[PDB]
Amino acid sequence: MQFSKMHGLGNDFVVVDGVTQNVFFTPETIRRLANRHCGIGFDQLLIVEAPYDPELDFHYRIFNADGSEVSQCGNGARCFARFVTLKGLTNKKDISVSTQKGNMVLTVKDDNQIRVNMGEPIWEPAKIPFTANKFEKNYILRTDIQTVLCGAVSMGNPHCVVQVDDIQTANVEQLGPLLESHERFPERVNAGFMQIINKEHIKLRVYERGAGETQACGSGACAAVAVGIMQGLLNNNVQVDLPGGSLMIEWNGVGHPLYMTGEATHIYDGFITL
């Protein structure tokens, strides 16, 4: 198996061309390869596949370090765009991709950043998925040590966004794991902790489903901003500062796609026998 190693703000990926290779594996193999000392080392593994809808350019699959397959990853989408460009799978400036859920568009900007059309955020609890009687802007999640309030939203993956007073002292280390597998999120959830600096600027930490606290989560940045906009606490264009760097999120509201712009970097190429 040929692969490439990439990162987006220090959220690191194995990216595989599954167009010119026949790529498949077990979750055990994913977990072995994710290990940083005895494997390759990654937060997620991404596959570029031929599209099912031949009008699109590619299909996009995402696997967490724990071996789980999921339907979204924003930092990965930016790396996907850089990968297919660098490796000559396409030279289009606007690249259309499917996932297990919805479609996206990856735009390779002249400054080399990638702007991703992530699709429209999803609010309906059953679709997140999230167990709730009714849609609300804030939901109560009881944990063993604290009851917290969150907004809940899907970007193709589930997010619970908790607002915090101070990002450095937020109890991500204990609350993250308790929220990630909270009973009300039947497919688990990415737990984001958001400090609002002003209506155009937040700081964010994300305890990811399947990966723990990474250096950056693009979909989590998207979700945090969507939630703050829904709650009337943020404006439509927001700088999000994650441990590994910043992203720009733009969302004009319900009915509109959400856009995420930031860096993506190729590191090295590899070969491994699975």
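So that there is no doubt, residue numbering starts at 1 and follows the sequence shown.
**Q** Comparing 104 to 112 with 123 to 131, which stretch shows the greater average C-alpha B-factor in the deposited entry?
**A** Here the higher of the two C-alpha B-factor means belongs to 104 to 112.
**Q** Output the stretch having the higher mean C-alpha B factor in the entry; the candidates are 9 to 17 and 254 to 262.
**A** On average, C-alpha B-factors are higher across 254 to 262.
**Q** Of the options 195, 90, 75, 157, which has the highest CA B factor as deposited?
**A** By C-alpha B-factor in the record, 90 ranks first.
**Q** Based on the PDB record, which member of 229, 70, 50, 65 exhibits the highest Cα temperature factor?
**A** Most elevated C-alpha B-factor of the set, per the entry: 50.
**Q** Looking at the C-alpha B-factor of residue 37, is it in the lowest, middle or highest third of its chain?
**A** Middle third by C-alpha B-factor.
**Q** Looking at the C-alpha B-factor of residue 172, is it in the lowest, middle or highest third of its chain?
**A** Residue 172: CA B-factor falls in the middle third of its chain.
**Q** Quick check on the deposited entry: does the C-alpha B-factor of residue 216 sit in the lowest, middle or highest third of its chain?
**A** CA B-factor rank for residue 216: middle third.
**Q** Sorting the chain's modelled residues by C-alpha B-factor, tell me whether residue 148 ends up in the lowest, middle or highest third.
**A** Highest third.
**Q** Would you mind ranking residue 81 by its C-alpha B-factor against the rest of the chain and naming the third, lowest, middle or highest?
**A** Tercile = middle for this residue's CA B-factor.
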